[PDB]
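Chains as they are written, first to last, in PDB author numbering: chain O, 2 to 148; chain S, 64 to 187; chain b, 2 to 27, 38 to 106; chain P, 2 to 205; chain F, 53 to 257; chain L, 2 to 212. Taking it in order: structure first as structure tokens, then the write-up.
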Amino acid sequence: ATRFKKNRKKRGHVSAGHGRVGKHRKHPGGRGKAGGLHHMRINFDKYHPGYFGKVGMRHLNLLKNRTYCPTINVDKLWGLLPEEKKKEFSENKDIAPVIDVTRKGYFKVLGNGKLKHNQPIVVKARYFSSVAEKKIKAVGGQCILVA
Amino acid sequence: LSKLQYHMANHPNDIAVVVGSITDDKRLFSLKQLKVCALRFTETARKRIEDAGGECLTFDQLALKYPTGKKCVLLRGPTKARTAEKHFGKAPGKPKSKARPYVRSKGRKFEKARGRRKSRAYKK
Amino acid sequence: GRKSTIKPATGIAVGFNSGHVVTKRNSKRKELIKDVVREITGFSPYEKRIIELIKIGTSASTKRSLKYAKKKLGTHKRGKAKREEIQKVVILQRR
Amino acid sequence: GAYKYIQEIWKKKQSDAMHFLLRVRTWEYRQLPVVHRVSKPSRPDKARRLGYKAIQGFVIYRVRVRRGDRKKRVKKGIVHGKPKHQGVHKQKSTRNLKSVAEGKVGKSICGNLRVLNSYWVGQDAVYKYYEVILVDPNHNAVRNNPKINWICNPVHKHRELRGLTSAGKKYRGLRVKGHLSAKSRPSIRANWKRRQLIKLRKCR
Amino acid sequence: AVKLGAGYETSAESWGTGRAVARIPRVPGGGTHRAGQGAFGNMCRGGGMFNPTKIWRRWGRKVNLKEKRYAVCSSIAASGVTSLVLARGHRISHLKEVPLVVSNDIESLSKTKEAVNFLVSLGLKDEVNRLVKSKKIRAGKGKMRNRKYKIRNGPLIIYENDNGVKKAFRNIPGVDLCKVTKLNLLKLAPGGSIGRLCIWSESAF
Amino acid sequence: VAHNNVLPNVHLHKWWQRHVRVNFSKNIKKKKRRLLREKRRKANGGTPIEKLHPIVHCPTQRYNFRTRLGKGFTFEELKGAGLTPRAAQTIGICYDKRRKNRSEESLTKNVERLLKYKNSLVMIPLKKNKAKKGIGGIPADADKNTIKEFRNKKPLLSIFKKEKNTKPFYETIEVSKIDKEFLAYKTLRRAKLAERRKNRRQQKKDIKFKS
RNA sequence: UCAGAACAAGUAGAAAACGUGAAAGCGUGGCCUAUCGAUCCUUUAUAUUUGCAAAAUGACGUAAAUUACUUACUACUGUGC
RNA sequence: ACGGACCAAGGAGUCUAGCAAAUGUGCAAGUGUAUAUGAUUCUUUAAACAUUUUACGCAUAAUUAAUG
RNA sequence: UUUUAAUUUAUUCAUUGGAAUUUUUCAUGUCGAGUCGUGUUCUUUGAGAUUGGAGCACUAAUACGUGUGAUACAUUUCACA
RNA sequence: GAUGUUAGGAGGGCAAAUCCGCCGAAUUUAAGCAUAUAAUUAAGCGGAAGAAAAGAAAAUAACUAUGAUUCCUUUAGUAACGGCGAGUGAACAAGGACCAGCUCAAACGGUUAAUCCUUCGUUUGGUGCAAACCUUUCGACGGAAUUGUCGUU
Ligand SMILES: [Mg+2]
Ligand SMILES: [Mg+2]
Ligand SMILES: [Mg+2]
Ligand SMILES: [Mg+2]
Ligand SMILES: [Mg+2]
Ligand SMILES: [Mg+2]
Ligand SMILES: [Mg+2]
Ligand SMILES: [Mg+2]
Ligand SMILES: [Mg+2]
Ligand SMILES: [Mg+2]
Ligand SMILES: [Mg+2]
Ligand SMILES: [Mg+2]
Ligand SMILES: [Mg+2]
Ligand SMILES: [Mg+2]
Ligand SMILES: [Mg+2]
Ligand SMILES: [Mg+2]
Ligand SMILES: [Mg+2]
Ligand SMILES: [Mg+2]
Ligand SMILES: [Mg+2]
Ligand SMILES: [Mg+2]
Ligand SMILES: [Mg+2]
Ligand SMILES: [Mg+2]
Ligand SMILES: [Mg+2]
Numbered sequence: 002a003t004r005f006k007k008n009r010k011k012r013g014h015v016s017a018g019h020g021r022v023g024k025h026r027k028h029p030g031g032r033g034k035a036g037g038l039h040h041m042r043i044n045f046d047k048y049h050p051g052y053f054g055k056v057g058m059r060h061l062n063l064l065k066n067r068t069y070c071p072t073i074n075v076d077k078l079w080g081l082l083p084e085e086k087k088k089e090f091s092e093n094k095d096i097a098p099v100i101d102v103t104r105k106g107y108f109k110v111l112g113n114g115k116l117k118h119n120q121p122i123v124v125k126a127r128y129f130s131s132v133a134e135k136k137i138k139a140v141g142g143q144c145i146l147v148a
Numbered sequence: 064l065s066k067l068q069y070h071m072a073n074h075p076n077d078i079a080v081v082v083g084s085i086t087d088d089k090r091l092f093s094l095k096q097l098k099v100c101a102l103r104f105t106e107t108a109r110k111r112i113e114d115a116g117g118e119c120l121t122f123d124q125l126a127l128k129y130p131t132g133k134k135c136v137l138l139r140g141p142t143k144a145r146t147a148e149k150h151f152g153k154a155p156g157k158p159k160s161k162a163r164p165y166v167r168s169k170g171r172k173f174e175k176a177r178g179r180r181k182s183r184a185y186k187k
Numbered sequence: 002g003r004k005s006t007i008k009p010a011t012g013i014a015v016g017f018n019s020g021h022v023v024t025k026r027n038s039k040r041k042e043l044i045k046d047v048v049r050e051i052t053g054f055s056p057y058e059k060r061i062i063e064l065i066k067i068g069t070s071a072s073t074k075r076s077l078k079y080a081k082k083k084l085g086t087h088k089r090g091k092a093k094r095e096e097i098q099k100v101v102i103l104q105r106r
Numbered sequence: 002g003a004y005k006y007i008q009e010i011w012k013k014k015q016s017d018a019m020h021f022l023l024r025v026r027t028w029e030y031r032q033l034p035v036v037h038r039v040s041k042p043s044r045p046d047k048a049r050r051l052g053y054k055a056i057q058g059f060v061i062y063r064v065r066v067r068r069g070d071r072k073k074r075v076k077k078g079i080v081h082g083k084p085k086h087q088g089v090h091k092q093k094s095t096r097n098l099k100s101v102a103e104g105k106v107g108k109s110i111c112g113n114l115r116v117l118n119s120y121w122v123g124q125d126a127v128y129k130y131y132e133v134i135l136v137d138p139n140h141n142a143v144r145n146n147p148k149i150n151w152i153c154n155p156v157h158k159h160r161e162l163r164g165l166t167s168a169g170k171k172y173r174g175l176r177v178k179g180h181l182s183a184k185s186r187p188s189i190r191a192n193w194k195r196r197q198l199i200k201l202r203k204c205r
Numbered sequence: 053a054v055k056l057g058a059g060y061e062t063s064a065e066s067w068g069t070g071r072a073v074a075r076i077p078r079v080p081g082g083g084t085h086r087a088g089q090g091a092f093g094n095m096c097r098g099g100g101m102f103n104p105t106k107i108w109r110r111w112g113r114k115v116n117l118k119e120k121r122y123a124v125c126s127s128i129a130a131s132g133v134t135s136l137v138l139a140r141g142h143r144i145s146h147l148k149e150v151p152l153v154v155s156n157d158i159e160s161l162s163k164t165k166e167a168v169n170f171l172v173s174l175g176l177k178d179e180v181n182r183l184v185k186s187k188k189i190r191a192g193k194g195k196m197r198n199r200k201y202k203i204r205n206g207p208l209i210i211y212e213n214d215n216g217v218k219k220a221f222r223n224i225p226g227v228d229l230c231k232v233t234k235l236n237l238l239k240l241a242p243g244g245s246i247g248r249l250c251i252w253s254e255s256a257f
Numbered sequence: 002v003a004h005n006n007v008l009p010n011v012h013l014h015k016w017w018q019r020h021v022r023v024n025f026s027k028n029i030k031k032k033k034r035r036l037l038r039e040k041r042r043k044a045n046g047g048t049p050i051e052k053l054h055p056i057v058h059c060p061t062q063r064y065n066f067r068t069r070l071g072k073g074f075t076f077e078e079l080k081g082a083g084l085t086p087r088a089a090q091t092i093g094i095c096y097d098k099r100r101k102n103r104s105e106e107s108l109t110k111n112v113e114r115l116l117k118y119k120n121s122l123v124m125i126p127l128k129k130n131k132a133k134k135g136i137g138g139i140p141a142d143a144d145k146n147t148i149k150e151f152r153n154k155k156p157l158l159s160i161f162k163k164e165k166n167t168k169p170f171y172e173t174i175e176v177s178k179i180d181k182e183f184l185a186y187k188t189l190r191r192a193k194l195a196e197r198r199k200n201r202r203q204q205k206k207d208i209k210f211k212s
């Protein structure tokens, strides 16, 4: 709200906070991104390193759909079950959960983190990372490709 | 919660106090019998604690119980793990800085050319 | 990218007929008219030229004809088609 | 069958017989006034394929249009602005010559009528000749007939002047559907406006 | 919002330097008093105001649903607590219980008079009197903009179903009515002050 | 530009003030719409404003799994139902000339839906009393009492909304039924590798077929 | 030099592979202090690295199999960009 | 050096967009109910309430010119 | 007052005409040309060996066709129109 | 083909916020400027309606696939364009509002144009105090039309 704007605090100070010698002029450094690469090079260098120049291949019609793959790490996979069910599973080493990871909105299973030892888990997903697959297997589980 | 558990690992039974919020961790499987004072428990975390047969103490309760903090443990969450903090320090541009530039987005088109690879003048 | 209509799709996201399980479910008058038109109109100058080229007989000549067709009609497909038609016409004439 | 035959004949165009006809016809047209009524379509089949019908209120007008680009209208050749905009002489119009043809008949000469469509007829190097099919929306023969009747509505005044005839549709780029034409559809201008639009939200 | 080109409808331009007059844009021409006058610019009579107000100012604010809910809950709690209610300004000294709950017979009251009587019986006679007193004509220019009277805010009757309450308490000054389902924080905490005096039906409760 | 901030990207170099629409009309507009729909409903005494739509699977690899209401039922599905397109249109059901069926299962589902709809619906006679059987698809016209009874009951709008997900995502499996030897990553990568050549052969196969 | 950015020019190394010397060593140009150049574009090198967006192009390659839309398995797969 | 004869009133860091930091607040591996719907919602009500008996954003993972 | 829902009563007799599905025969038809397209020019586009448009030159194919499948091309699939 | 003060009709001008066509700048930004930008904007010229335009796929996808247009939320400040500088910048999908499909041409019907219109009429009705309206089917006399009307899909 206007009442707690700085300008209201500078009300009777002559220069309105923008300094007496170096005035407040309109667009002194140029307009917008302006002299990046000339008089504002240094700022660009120090805060915006890779800004100028282009790189890599064009990709003329992207379609972000084609390439959509939300990921989850195996660590989080057991979290995807409710507490009580999880407890039950822990109790019965004799029976394992299948987890349709796609149903919960993730396509790739990546392999960050530990899985509970021995507790076997069946994972249904579209993509697995080598390591994630290895983790699952080591635990006595299966990775089942779905589509 | 996981972090709390880790911190409690060596000395059990004594009461972890945390001046902030404690969040739950889906990445934990098992929860030990924890006695924790905090400013806030996210609901799920609280529920988990309850299930563990633990105790969620507020600060007043803690004070009542342990006014000199006997058998307590102050803990902090990860402070400089904040995403804002990743833009601080030496500016990206200064060499050997691991500061994220403020950029619209990620992808080759955005801040990945001159001064980011030996091929386009220089690096960093 | 590619699939096959025979066989169900391998239950995989990527690769050949990758995808889900699901079981798949699948003149004379004109000729006469054309003839009439031919009788009426004959051919157009470019067509005539092409025919002549074809008659010349060799591979080089054929190539030349094709080139001409491309130049006139635009596009290699159309030109090819035209050439084929002309060849057919020539054959017919020869009979 | 007859109409099929004449379609096929007219496809040939550069073939001797057709060529001769075209030569005669264009010559004849060169002589007549720029826009003038004709009693019967010169290409009945083609007219039919568009909108033409032998109902009382339907009329054909033969119209001649100069070929070529239109010099950028400026006092003397000189243009006063930046070099990008400086050229005259290779300035091609957004409208088709067909559109122009229909425009000139529709507008001041036959303001009473409604332009339905137009077809090609002939050309020389100086002129292109079109026949434009028009209709009298007040003739009851047209008012009553439920197919066609539509043109009697007031929303169809001067279709030719709003680029709503086939030629108009062409140069607005509504003939091409798809990804090739995404940027023009409700109208190019309209689309542009939409894209510019800043929607705020009272709540925000 | 000010109309778009307010103060800028003129053709005015500045005469520039060599006339011994400030270089504010001037109205051109002659004959009028307006000729030669300072034209647009915040300083000038007939000028445009500075940053003219625009319809695209942010008028509303999104508030987090959860936050709103929390606020509502807190207001309810406040309404509960006697001291808070008292602070908020109500003459509640003669009411026994401040989570004040009343039988469903209230929801069927047909007549404002009856409602008033009921209120009096409850102990809110004083409150009612205060409400009656405190219709006064506003200070300032509100008077000119259909905000003529200023009225203090009385109890809030919360009801489960309208079989008469809406209509009967309508017309008692400062008395407001809300369905339990659709509680409005604007009514529960007028001027953002906690602890309005709420009268609940038992069903509502 | 100064200091360490995002490089500014504000597309306001055109006369943007000319086309700012502020939506002061939102809630009121919504209310108006609601009113209009109510009016429409009233006009169609008893009958539902809403039209039957088939459930369909969304395209593209990312919405693949989800299901939502398409426009219109496909000739084949109508046929299955035992229904003419025109007739269907006349009732509350949408028809889609351009939609096609690849999946038997999908087709079955939509015909099931159609059947359900048919079962649900009771037809008011065209000219009063005179109860006659329909045309092609449409059911028979019920008598008066039945109609009255139906009216007295609530008009169900459960069918016009899409069927929500079946759920699963957690399912028990016996440990002895797991196949511990099935390299899934290997399968993937191998498949990826082999794609081009399988493509090379499919084309050949196609060519062969074409003669 | 300095923002302790760049380029440039150096100093110190490491991994290769060599030269010289009997060797220890010395050699990443000139005994040392100058002799020089971003983005974009072009250009020609490099590569069991990729792409051209529904696919394919070395190659029906190698095995089987039967005439057919057959089943496996291959680091090497058109021009142009 | 310039401006100021006097007096009264008017008279100049504002508003939006998007980003950031700071701080408050909520909830927290989530968060924001976006359009839109619904209500026994209808002076105020253009707010408030509600969210159907896996929407999208940002975040939760990075990195590569790229197949990945 | 405006209209538009529900509710109330239709029942006899005439016959021209049409419609939908359903069998079973036979028909494999027709499907928009100075138009599409290519070249070239200018414009316009985010459209990139040209997105649309236009001028000019050249000027097609018949559904097994021709047009899209965002890199110019050829040889050919496939999908969609 | 001209010609008619022939009989009957139509257009013209005003108004414009939204709308549709053309036509078309420059200030401005780039700290200069020339391509770019401003902007397919302002002005100019023409044309409609209560909305206009668009619209029933020579569409998108590469899926388990969707299915006219429009609009909103988004995709996305993304793909892309650009003295690759300044800056510009969509589309598909997804979620909604709303949802409506169609008829010419061509094919077919010659044991017959079945069509269509002008003028003149004729006689049942309905509301109105009148004024007017509303419909009802029936012929004539004209023409139009085989260079193609109507039905069938
Ligand atoms: Mg000071
Ligand atoms: Mg000053
Ligand atoms: Mg100075
Ligand atoms: Mg121009
Ligand atoms: Mg004023
Ligand atoms: Mg005052
Ligand atoms: Mg002096
Ligand atoms: Mg001075
Ligand atoms: Mg003085
Ligand atoms: Mg003065
Ligand atoms: Mg903050
Ligand atoms: Mg066609
Ligand atoms: Mg441009
Ligand atoms: Mg595509
Ligand atoms: Mg006019
Ligand atoms: Mg400048
Ligand atoms: Mg300047
Ligand atoms: Mg200058
Ligand atoms: Mg204008
Ligand atoms: Mg329209
Ligand atoms: Mg949009
Ligand atoms: Mg984004
Ligand atoms: Mg632009």
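For each residue, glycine too, the CB sits at the ideal point set by N, CA and C.
Neighbourhood of residue i by C-beta distance below 8 angstroms, restricted to the same chain and skipping five residues each side
i               : result
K148 of chain F : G175
Proximal residues of chain b, C-beta to C-beta of residue i below 7 angstroms
i               : result
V147 of chain O : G12
Chain L contact residues for residue i, given Cβ-Cβ distances below 8 angstroms
i               : result
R167 of chain S : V7, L8, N10
8 angstroms contact criterion, which residue i and residue j should meet: CB distance rounded
i              : j              : result
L77 of chain b : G90 of chain b : 6 angstroms
Any non-hydrogen atom of ligand 4 within 7 angstroms of residue i CB
i              : result
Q87 of chain P : no
Burial state of residue i (16 or more Cβ within 10 Å)
i               : result
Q143 of chain O : buried
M58 of chain O  : exposed
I61 of chain P  : buried
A168 of chain P : buried
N205 of chain F : buried
Proximal residues of chain S, C-beta to C-beta of residue i below 8 angstroms
i              : result
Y48 of chain O : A154, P155, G156, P164, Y165
Residues near residue i by beta carbon distance below 6 angstroms, same chain, minus five either side
i              : result
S16 of chain O : none
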